[PDB]
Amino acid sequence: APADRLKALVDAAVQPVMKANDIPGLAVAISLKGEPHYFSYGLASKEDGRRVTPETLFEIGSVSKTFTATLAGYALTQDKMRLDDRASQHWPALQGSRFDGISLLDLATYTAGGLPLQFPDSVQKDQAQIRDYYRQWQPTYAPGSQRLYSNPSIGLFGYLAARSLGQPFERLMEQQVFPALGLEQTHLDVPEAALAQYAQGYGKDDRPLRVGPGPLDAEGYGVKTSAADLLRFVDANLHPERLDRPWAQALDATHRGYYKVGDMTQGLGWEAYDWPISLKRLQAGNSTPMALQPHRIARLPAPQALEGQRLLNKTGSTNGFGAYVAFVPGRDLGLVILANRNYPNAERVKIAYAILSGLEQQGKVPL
């Protein structure tokens, strides 16, 4: 069985990284032909020696954007919105602004014209300040020309998706998306009954950190989930057809690529690579420059189905937490790495690659 070699492989990938980045706790979940394998390391909380388990809740940060994309997928396949809709079509308070000339697709894929990585400090979690921010916003770049990774960009995408469905974003996620995907350990707001499972996050000098409120936090970076639940989400992405048709279609909608930057094809939330690919190249696709700097896009003649021999991934970080997810449809392989430190993306990719590559090499013919 390929499973027989997993424990040694995962320990080897994980433990050196945990040591070098002083990571208090880390959970791995791997799906091999739909069968889950869990590896838990260290402490969810140092103050009270609570061990990480597959049910420990971590902040997954921007991995939340794949859930947001799924809600948007559902809106799209229910004909509540279309990707070439003007943004202001779904929020009348934006009519007259730059959002008259920006598409939903632009927002979704960070190409609206240089919406920043995060809202300025001064924008509070308040409909009217958010509205006013977008009403006064002026672009850096022409739309559809430059990718600049952006919470306010895809955050507005998610918010407008919710508006097209006629319900608050948080309500749709909690009452329709999470249940559709069979996720009972996944939260935007961790309830009373589950607080005991919420890991502590650790920042510089081991400052304890859990994510605070912010504008469009639910849409951009607000999910808390367990390694076991996030692997259920990954398995739903590997086999959407196992869901009821509306939700199967919603997931398929997130697996469509619109443009390339270097080796990376941008989907809705998901970012995709050809598989196999080299470690160095996967790291560069997930680099600090990819996250922080503008990049010229190579637009595709037509949206590409992100299927077959490809790797789809998303990193996610908060002040206290560092997550990574990946799946490879042509290997029926899913992977989740959740940690309670924000440690470098390159190290997350190192772990994931050791695992993916290790499994790849058992499937060779001897001599």
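The numbering used is simple: start at 1 and walk along the sequence shown. If you superpose the two forms and keep the largest set of C-alpha atoms that fall within 1.5 Å, you have the rigid core.
Engineer: Once the rigid core is matched, which of the two stretches, 334-342 or 26-34, lies farther off on average in 4 other deposited structures of this protein by C-alpha?
Structural biologist: With the rigid core superposed, the C-alphas that lie farther in 4 other deposited structures of this protein are those of 26-34.
Engineer: Between 137-145 and 94-102, which has the larger RMS C-alpha deviation from this form in 4 other deposited structures of this protein after core superposition?
Structural biologist: Larger mean C-alpha displacement, comparing 137-145 and 94-102 in 4 other deposited structures of this protein, is found in 137-145.
Engineer: Highest mean C-alpha temperature factor of the two stretches 340-348 and 354-362, which is it?
Structural biologist: 354-362 has the higher mean C-alpha B-factor.
Engineer: For the C-alpha atoms alone, is the average B factor greater in 123-131 or in 148-156, going by the entry?
Structural biologist: Stretch with the greater average CA B-factor: 123-131.
Engineer: Say you rank 118, 286, 225, 95 by Cα B-factor from the PDB entry; which sits at the top?
Structural biologist: Highest C-alpha B-factor among the listed residues goes to 95.
Engineer: Kindly indicate the residue among 319, 64, 309, 315 with the greatest C-alpha B-factor in the PDB record.
Structural biologist: Highest C-alpha B-factor among the listed options: 309.
Engineer: Looking at the C-alpha B-factor of residue 220, is it in the lowest, middle or highest third of its chain?
Structural biologist: Lowest third, going by the recorded CA B-factors of the chain.
Engineer: Divide the modelled residues of the chain into thirds by Cα B-factor and specify which third, lowest, middle or highest, holds residue 270.
Structural biologist: As the PDB entry reports it, the C-alpha B-factor of residue 270 lands in the lowest third of its chain.
Engineer: Which third, lowest, middle or highest, does the CA B-factor of residue 34 fall in along this chain?
Structural biologist: CA B-factor rank for residue 34: highest third.
Engineer: Check where residue 334 lands among this chain's C-alpha B-factors and tell me if it's the lowest, middle or highest third.
Structural biologist: Its C-alpha B-factor belongs to the middle third of this chain's values.
Engineer: Name the third of the chain's ranked CA B-factors that contains residue 262, choosing lowest, middle or highest.
Structural biologist: For residue 262, the deposited C-alpha B-factor lands in the highest third.
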